[PDB]
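These protein sequence lines map, in sequence, to chains C and D.
Using PDB author numbering, you'd call the opening residue of the first sequence number 117 and step up by one each time.
Using PDB author numbering, you'd call the opening residue of the second sequence number 191 and step up by one each time.
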Amino acid sequence: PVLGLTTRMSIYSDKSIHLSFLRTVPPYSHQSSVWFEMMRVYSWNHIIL
Amino acid sequence: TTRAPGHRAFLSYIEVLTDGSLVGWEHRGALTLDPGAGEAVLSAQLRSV
Numbered sequence: 117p118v119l120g121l122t123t124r125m126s127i128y129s130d131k132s133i134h135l136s137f138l139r140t141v142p143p144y145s146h147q148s149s150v151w152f153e154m155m156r157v158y159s160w161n162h163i164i165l
Numbered sequence: 191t192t193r194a195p196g197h198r199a200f201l202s203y204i205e206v207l208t209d210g211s212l213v214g215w216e217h218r219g220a221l222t223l224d225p226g227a228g229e230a231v232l233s234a235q236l237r238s239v
């Protein structure tokens, strides 16, 4: 096993290549969950990304 | 299927290929089995086919 520190890269998330990888920092792709929360509290819709 | 890597993508390809066909495939169900539960544990729900 390997533990990852200060590494935010969404490639290291599919186990078909990296058999056993663990990290202590959320990846970049997880930021999308933050935008959803801001979208509903501020009453926003009709977005283009 | 089991929890071996690549199983998420494996079952996702069934629905796209089983839809929009004049033959009319019927899906009995999707089974998720874990070998670590026990030999006798699997037969409890595997028979529900």
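Every residue, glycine too, gets a C-beta built ideally from N, C-alpha and C.
* Check whether the region 122-129 of chain C touches the region 138-150 of chain C, taking contact to mean three or more Cβ pairs, one atom from each stretch, closer than 8 angstroms. => These segments touch.
* Kindly indicate which residue of D:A220, D:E216, D:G210 and D:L232 has the alpha-carbon position closest to the one of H197 of chain D. => Mapped onto the second sequence, residue 197 of chain D falls at position 7. Cα-wise, what sits closest to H197 of chain D is D:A220.
* To do: Give a yes or no on whether the minimum CB-CB distance between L135 of chain C and chain D is below 9 angstroms.
  => On the first sequence, position 19 is the one that residue 135 of chain C refers to. At least one chain D Cβ lies under 9 angstroms of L135 of chain C.
* **Identified DSSP bridge partners for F137 of chain C** => Mapped onto the first sequence, residue 137 of chain C falls at position 21. In DSSP, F137 of chain C forms a bridge with C:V118.
* Asked: Using a C-beta cutoff of 9 angstroms, does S132 of chain C count as contacting chain D?
  -> In the first sequence, the residue the question calls residue 132 of chain C occupies position 16. When Cβ-Cβ separations below 9 angstroms define contact, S132 of chain C makes contact with chain D.
* Consider the Cβ of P195 of chain D: report whether some Cβ of chain C lies at a distance smaller than 9 angstroms. => In the second sequence, residue 195 of chain D corresponds to position 5, counting from 1. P195 of chain D counts as touching chain C.
* How about the region 210-224 of chain D and the region 232-239 of chain D: do they share at least three Cβ pairs that are nearer than 8 angstroms? -> Contact between the region 210-224 of chain D and the region 232-239 of chain D is present, with at least three C-beta pairs closer than 8 angstroms.
* Asked: From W215 of chain D to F152 of chain C, what does the alpha carbon distance come to, in whole angstroms?
  -> Within the second sequence, the letter at position 25 stands for residue 215 of chain D. Within the first sequence, the letter at position 36 stands for residue 152 of chain C. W215 of chain D and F152 of chain C have their C-alpha atoms spaced approximately 37 angstroms apart.
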